[PDB]
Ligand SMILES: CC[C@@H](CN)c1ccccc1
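Heads up, the chain below is alone and in the form deposited without the named molecule; it's given as structure tokens.
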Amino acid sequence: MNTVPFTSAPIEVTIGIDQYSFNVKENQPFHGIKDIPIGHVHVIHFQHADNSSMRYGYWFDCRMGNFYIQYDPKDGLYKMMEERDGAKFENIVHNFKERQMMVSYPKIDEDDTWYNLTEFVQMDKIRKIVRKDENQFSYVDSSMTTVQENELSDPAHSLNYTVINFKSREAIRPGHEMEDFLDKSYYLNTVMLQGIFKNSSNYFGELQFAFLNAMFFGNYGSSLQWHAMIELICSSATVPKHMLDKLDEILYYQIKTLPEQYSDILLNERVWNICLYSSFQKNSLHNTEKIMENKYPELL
């Protein structure tokens, strides 16, 4: 179980750690988060009380280093940093734990939600989507645009998700125009799975990471990416059976975790209705269809 200490909390802020969140008051004696489960990626995220605009946060994996948060009064945000002096860090953490100035990662033992949301998400892949190689953790916020959005403007601050475009030469074989447009199996299995992602695990990982960025930061391009990756599977007539079954589980936990009040903006009516009711895989997502029908029947 690992710890992310906070130097201080000088401004009032709502702090998220994965699917949990705490309100911290201005200059409240908050000094971090302990008992963070080892084995998963995690995200710590922030929304300032005075500007409910720009949610922002850091993806990290405590196995890769000792990380802490420190407010920067010049750039006006909570920044993640790495402490390279291992003894200096253990001493900071132990003092803060002794003074009980840390919240405990509040995981119920029965609860597999975070595992189920991050099953295929790997820090090394995050770091290729979010390019900043001098850090071991990755900053994401509400406003960052994706490579694809940029094509249609600062590249250093882009989300380098895999570009998916159903009306592109990459997606459509010369001479198989109608076939490839109506049955995207070639594009899914040969171009994307065999070619770019190499395996279904890396594809699901990017899908899960795009959803999490949409949910936690309201990142619109991430939402576009999540829906595109779902649609590409559902619009393929030929998908490995293990992928379909895993997809149903992945989407089930995503829909389960989504705030009920955000379904209006994070859920694309066309994609979901097409995927659950018209697509080749209309009958392959039983769990996801059941939770969607009981939780958001208005959308459908």
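Numbers for residues come from their place in the sequence shown, where the first is 1.
If you look for the form deposited with the named molecule bound, you will not find it shown, but the lines that follow are about it.
Not displayed here, the named molecule is approached by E83 to within 4.5 Å at the level of heavy atoms in the deposited bound form. Put simply, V191 is far from the named molecule in the deposited bound form: not one heavy atom of it is within 4.5 Å. In the deposited bound form, at least one heavy atom of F96 sits within 4.5 Å of a heavy atom of the named molecule. Interface membership of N2, defined by any non-hydrogen atom within 4.5 Å of the named molecule in the deposited bound form, is ruled out. Here the marked residues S185, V239 and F280 all miss the named molecule in the deposited bound form; none has a heavy atom within 4.5 angstroms. In the deposited bound form, the residues of 1-33 lying within 4.5 Å of the named molecule by at least one heavy atom are, in order, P5, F6, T7.
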